[PDB]
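First, one chain by itself in structure tokens, the form deposited in one PDB entry.
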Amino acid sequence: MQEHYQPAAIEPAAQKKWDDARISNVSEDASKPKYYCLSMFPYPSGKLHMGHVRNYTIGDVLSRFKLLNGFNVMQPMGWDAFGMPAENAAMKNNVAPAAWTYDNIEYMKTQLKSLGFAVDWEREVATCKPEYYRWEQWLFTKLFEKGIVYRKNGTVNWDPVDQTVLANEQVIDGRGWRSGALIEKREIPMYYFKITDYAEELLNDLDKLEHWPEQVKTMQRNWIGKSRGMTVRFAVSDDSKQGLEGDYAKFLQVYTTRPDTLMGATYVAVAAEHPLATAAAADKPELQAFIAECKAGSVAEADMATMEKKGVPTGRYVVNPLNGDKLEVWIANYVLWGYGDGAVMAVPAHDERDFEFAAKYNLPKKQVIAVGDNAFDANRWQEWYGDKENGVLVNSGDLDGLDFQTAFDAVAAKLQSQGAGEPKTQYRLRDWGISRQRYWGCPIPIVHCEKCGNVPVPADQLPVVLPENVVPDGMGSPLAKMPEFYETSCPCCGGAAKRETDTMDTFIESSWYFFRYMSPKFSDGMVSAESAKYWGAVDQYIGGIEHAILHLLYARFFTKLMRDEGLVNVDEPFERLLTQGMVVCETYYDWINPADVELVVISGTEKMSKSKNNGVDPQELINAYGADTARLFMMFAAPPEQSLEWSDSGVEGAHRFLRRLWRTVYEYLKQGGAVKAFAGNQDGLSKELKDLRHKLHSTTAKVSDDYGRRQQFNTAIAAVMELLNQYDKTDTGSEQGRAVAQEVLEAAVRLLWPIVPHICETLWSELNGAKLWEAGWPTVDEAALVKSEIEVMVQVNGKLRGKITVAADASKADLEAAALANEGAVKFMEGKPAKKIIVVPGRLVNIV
């Protein structure tokens, strides 16, 4: 063993040893319990940064822990390769997105290999290969014929100068980002997943996820946005039907989640696109001006809550079906056409939005709910006005005295009897729009034939291959300008036809990649039945909380779709979620990387990302310090969920601890070479050695619980540091001394192998000839945790009457119980009671 830690030498050697042993290349091996640990796969940026290092070290720590415990661990890696960044790089450098992607992939892969992750590279996938995306094309065609995927007109942001559809992210203040021209809203045919059909399942199955963070479930529930409410019809008055056609002539239908307050309705509001708004504005130019100002606004909720709520009265009137009141209709900019009925009732006494609306326009407020003796101020909004759990109805006829749920059900039966309403469930969830007017994505397997309609490509003809010899320009999809791509024959009649030129939402690739990892060379289906049966679901998923919504929702949706097609047999893809805090670092700029700088403006610490260029290249850190220093620093600097600050001092600390670990083992074996680790009965060991073994086996139980239950790796490292501290203060020079030292060192390097496997692998080989992964995770010797018994003097009225042997963990009540039963106290207390029993732990007990 060389004297000095040399990571540049030992880290490649260790990586080659694990590779030749194929410990990370796994099969569906029934002889071993499976563990599937997945980290969210990366987009091929070109270069990884410390955030990716942190995410993937965390996944590798968990994988290696389960490995050492005997599990058949699958930890796969791959590339989320489709999307816009490659298209922007293509426009900049005049290269094909495919070429730019594969070059970024090869570089990032070597970056990952040099960090020493225990990754099954034989299961590697790149989502832009036809071998991958043919299967989401396949599932598209299968769902299309079931109607679960359908084609429908939807609205998009059209830029009339760049001649391209824009996302909302690139429409700033109503104009194009790179053009500034005023955007048109156009309706074009597009494809959708009918995800609303699965809303109840996506909501209820969250209860099955007993090991998910509660907030992630809460975010999923809020996004789906289920509500149980009431459809309520208000009859149109006799005088207010002019211009109304159809059902809109007879009643105004609204949706409310507070039907218990229907007696308190004072006005009603419709969306600017509602038929009643259109009829009233026929001769009112102010209503036309208002309608037009609403239609020229974002229904985006990011602007809806921060929007000033405005309305104008229509002069039209409807009748409340419960109390008979005639209420005026208002047009309001907050009523969204498309959600529910596009019309609402307003109860300003018990809904905050309605309260502010009615205050501005002096519209009436009628109290119908009371919470105790709380006083109702028509001019001041109190938070209990909207209390739904502790309230009771008021001014509501025969509904007086009921609580929310009882009133809800009474209104339900009342309205159904009068035919003016019924219970209804709504969801904020909309269907999932699939179509993108972009080149670098999965082609949509549809053919358009003027005879047969829009026809899916037969499975025998899949994939529809995306041509890779293409350099996008920024002025529209190249696919729609490539007749050699879109000109085809119809698969149903054989006539001349046109391929769909839109591509798929790149969320689709990451919605099932975790199943493809189970059998990524399988060419007869998305995933083989045998491999899906063996691997089941993902045991552990590690990735940022920013994806806790759409990505997770889509992945759970696809899981259920694939289950329904009989491809997998689980309801949920991810059993546990770990979402790691972001790594942050200072900024400089005109955005500059901090590596390029020496101690440009020096702005404020902020998350590492490509947008402000503050991403620190791990390759610089590995060249300077080694992979193990990188991994240790990230695992030690903070709990995984907490944010991590880049610190060169933190790197220096990690490296010097690795030297301390090296120095310890080398010094130990300089002083006499390897011996058999201490094992077995420890009676007869010196107090100092018994205490080091107590520290050792306490450290083992603590590290095991921090890896396996708490997932807090910083404290696990601190515990092993305390073990080494006690080791350093223990004389291990004797023959039993050396045996315990060997046992300590053999445990320490196994305990840290998940964090820093390169140094631990090399150190282990110098301590012990067995294979580290066969010796397995260190076990707890519980005999080593029993401290020694004490002798306690039993006194009666002060005079010593007996002695007792109690444990070193015995409470003051064990001492008191043991003292009263000692045969010396019994025959000197004279059957009298104890007026007081003074207990001094470890010394004596005295009964008074």
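Counting begins at 1, following the sequence as shown. Here, rigid core means the biggest group of C-alpha atoms that superpose within 1.5 Å across both forms.
Heads up, the form deposited in another entry isn't pictured, but that's what we're talking about next.
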2 Å-or-more CA mover between this form and the one not shown, where superposition uses the core and the choices are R499, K365, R123, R693: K365
C-alpha of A679 off by 2 Å or more between this form and the one not shown on rigid core: no
Exceeds or equals 2 Å, Cα of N104 between this form and the one not shown, core fit: no
C-alpha of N379 moved at least 2 Å between this form and the one not shown on rigid core: yes
CA-CA separation of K610 and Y102, closer or farther in the other entry than in the form shown [shift of 3 angstroms or more]: farther
Relative Cα spacing, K610 and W121, in the other entry - shift of 3 Å or more: farther
